[PDB]
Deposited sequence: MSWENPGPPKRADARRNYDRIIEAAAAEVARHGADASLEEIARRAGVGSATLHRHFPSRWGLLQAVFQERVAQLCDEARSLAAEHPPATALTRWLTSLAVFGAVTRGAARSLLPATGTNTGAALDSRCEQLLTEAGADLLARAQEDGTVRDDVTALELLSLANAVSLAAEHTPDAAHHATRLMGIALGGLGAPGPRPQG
């Protein structure tokens, strides 16, 4: 039971890092190699590619929600919000490419958790008057999601999403 779970966690950790770092070019051989498991041990914990990607999604969403709390503790509210929304767009951009090559969408609990995290960050930044009070959490989440969709088929998906979020969140106005 210890060896099994130690192996579960190592696989999910390796899978999430591989997706994050390689996107559409994510490699299952590399995941198995980096977790130090064999094909049969991998297939035992995750009989389907669906199952493994869903578990990667759940793990990354848990991390993103933790990241929102870390960012809020460590940076002014507007900075926490922009950094977090940028992370979210990058996650969507590289994770879609991975999901497309390896097979794809977030489940309802994951969308709910991200929505809560984003709403909490936006509210804190609007409350201290550093972020415009006329936008909604749904709107900003839709923008991050849309940027993910726009970036996922690009050769440099993480950089592309970063670029677009830089514009969407900073605006066009000359500094």
Q. Which runs of the deposited chain sequence never show up in the coordinates?
A. 1-10, 114-121, 194-199
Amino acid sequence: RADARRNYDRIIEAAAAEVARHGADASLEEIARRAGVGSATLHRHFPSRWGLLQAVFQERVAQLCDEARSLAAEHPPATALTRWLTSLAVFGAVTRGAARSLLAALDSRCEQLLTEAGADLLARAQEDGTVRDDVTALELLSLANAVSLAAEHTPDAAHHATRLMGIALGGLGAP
From here on, numbers count along this sequence of modelled residues.
Q: Determine, for stretches 21-29 and 149-157, which one has the higher mean CA B-factor as deposited.
A: 21-29
**Q.** Mean C-alpha temperature factor, higher of 32-40 and 109-117
**A.** 32-40
Q) Out of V90, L103, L71, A78, which shows the largest CA B-factor listed in the entry? A) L103
**Q.** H45 by Cα B-factor - lowest, middle or highest third of the modelled chain
**A.** highest
Q) Going by the entry, which third of its chain does the Cα temperature factor of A98 land in? A) highest
Q.
Which third, lowest, middle or highest, does the C-alpha temperature factor of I167 belong to within its own chain?
A. middle
